[PDB]
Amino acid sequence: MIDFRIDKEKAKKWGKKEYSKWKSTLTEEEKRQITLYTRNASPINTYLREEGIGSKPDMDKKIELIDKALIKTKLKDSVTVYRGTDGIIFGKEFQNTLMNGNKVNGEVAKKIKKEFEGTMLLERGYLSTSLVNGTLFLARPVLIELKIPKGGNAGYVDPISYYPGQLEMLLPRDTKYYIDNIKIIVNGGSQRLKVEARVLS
């Protein structure tokens, strides 16, 4: 298991080796749609979460291209990736209930633990993650540490991302991940809920 933690220079070298092999399989239109997704991911992901395929044909065309691109690569090694988010992963009702200022609400954290530890989550949008636990995640209330198994589909998109430096690993839509552990962490200036999970591939 590879886990780069915060070592961006090591992570970048590893990811570029994965991208170098992927890029010779990608079409120019696939590359362009990946770039456009990284430029503004929310429309596509909201569409997938809320409307689903079939609603808007131009959106479906973009999603077909990204889908087709991500099955063209396979991890040589298992790897840990990171994603900052908020309570939405637990349902819209938990969003905006997690925090009381800079502290996690302990009763809400306990209920989330009891309700979601040992369960599978399903992400209908694409799942954008990073090879490193970047500083941008310090300001988010939930930190997901996700293990991706060797042979899994995940693409290192930083060399064509609109935001180079995010060290993004992009996972397919409808990814299933199992929650092994949920706990409060207190490092930095604000507490967060840490979710440790595994992609099932």
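One-based numbering along the sequence shown.
Participant: Look over 150 to 158 and 57 to 65 in the entry and identify the one with the greater average Cα temperature factor.
Facilitator: Result of the comparison: 57 to 65.
Participant: Between 170 to 178 and 45 to 53, which has the higher average C-alpha B-factor in the PDB entry?
Facilitator: Result of the comparison: 45 to 53.
Participant: Sort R124, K92, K72, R83 by C-alpha B-factor from the entry and give me just the highest.
Facilitator: Answer for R124, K92, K72, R83: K92, with the highest C-alpha B-factor.
Participant: How does the C-alpha B factor of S78 compare with the rest of the chain: lowest, middle or highest third?
Facilitator: It belongs to the middle third of the chain when residues are ordered by C-alpha B-factor.
Participant: Would you mind ranking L136 by its C-alpha B-factor against the rest of the chain and naming the third, lowest, middle or highest?
Facilitator: Highest third.
Participant: With respect to C-alpha B-factor, does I2 fall in the lowest, middle or highest third of the chain as deposited?
Facilitator: Highest third - that is where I2 ends up once the chain's C-alpha B-factors are sorted.
Participant: Going by the recorded CA B-factors, say which third of the chain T119 sits in, lowest, middle or highest.
Facilitator: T119: CA B-factor falls in the middle third of its chain.
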